[PDB]
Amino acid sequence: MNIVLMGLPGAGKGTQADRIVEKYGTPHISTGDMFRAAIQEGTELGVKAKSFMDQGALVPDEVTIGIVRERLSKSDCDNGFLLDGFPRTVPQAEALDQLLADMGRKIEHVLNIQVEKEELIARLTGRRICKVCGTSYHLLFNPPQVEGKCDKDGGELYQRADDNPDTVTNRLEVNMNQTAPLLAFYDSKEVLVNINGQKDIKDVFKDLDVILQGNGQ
């Protein structure tokens, strides 16, 4: 289906994304991941993006919408898709509506994973990423089976440069600044669903599953 996983930095979007892909096998589209790739590719876009990313600020809308416009217009998204960490602003939200309006489609579910700020901060403090697949772990709450090695590919784990305290507080503030309105936009569009993310990973997924697995509740 056409899904959108939103939530503040550290809400467990990627974490829950890996589980949603397994089951339904829908294309995981993460703007955070795409920018990170452009950067690793060394593109001009990646150079300009990193500047904002390092600071913890949003990458300008026009650039962000642009890359999402291109990625979603690809064939591996006709049967469905899982946007992750997008949109984050109202312009992004509308640009996404029109984009799909042309393809004769629409967003069908906006899953908003909610967690209090303090938990969000603890989650980003001791987090680690797999050098090989991008997946994350948490030294305390969700450690890898074997220290420093990804459970999927044995890849090395590392801390995101921006997962430091200063940047984290700026990241949380900037993104929240856009939330309330973005949440209303979707709620008045009858597609939003809040979900308690302040629980075990498995349990947060079941709450997500209920909506994806259609069947009433």
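A residue's number is simply how far along the shown sequence it sits, counting from 1.
Student: Could you settle it for me: does 29 to 37 or 184 to 192 have the higher average Cα B factor in the PDB entry?
Tutor: According to the entry, 184 to 192 carries the higher average C-alpha B-factor.
Student: Averaging C-alpha B-factors over each stretch, which comes out higher, 129 to 137 or 79 to 87?
Tutor: Stretch with the greater average CA B-factor: 79 to 87.
Student: Which is it among 115, 122, 99, 146: the one with the largest CA B-factor in the entry?
Tutor: Of the options given, 99 has the highest CA B-factor in the PDB entry.
Student: Can you tell me which of 150, 58, 172, 45 has the highest Cα temperature factor in the record?
Tutor: If I rank 150, 58, 172, 45 by C-alpha B-factor, first place goes to 45.
Student: Within this chain's modelled residues, let me know which third the CA B factor of residue 70 belongs to: lowest, middle or highest.
Tutor: Top third by C-alpha B-factor.
Student: Which third of the chain does residue 210 land in by C-alpha B-factor: lowest, middle or highest?
Tutor: It falls in the top third of the chain.
Student: Consider only the C-alpha atoms of the modelled residues in this chain, order them by B-factor as the entry records it, and name the third containing residue 4: lowest, middle or highest.
Tutor: For residue 4, whose C-alpha B-factor we compare with every modelled residue in the chain, the answer is the middle third.
Student: Grab the CA temperature factor for residue 19 from the record and place it in the lowest, middle or highest third of its chain.
Tutor: It belongs to the highest third of the chain when residues are ordered by C-alpha B-factor.
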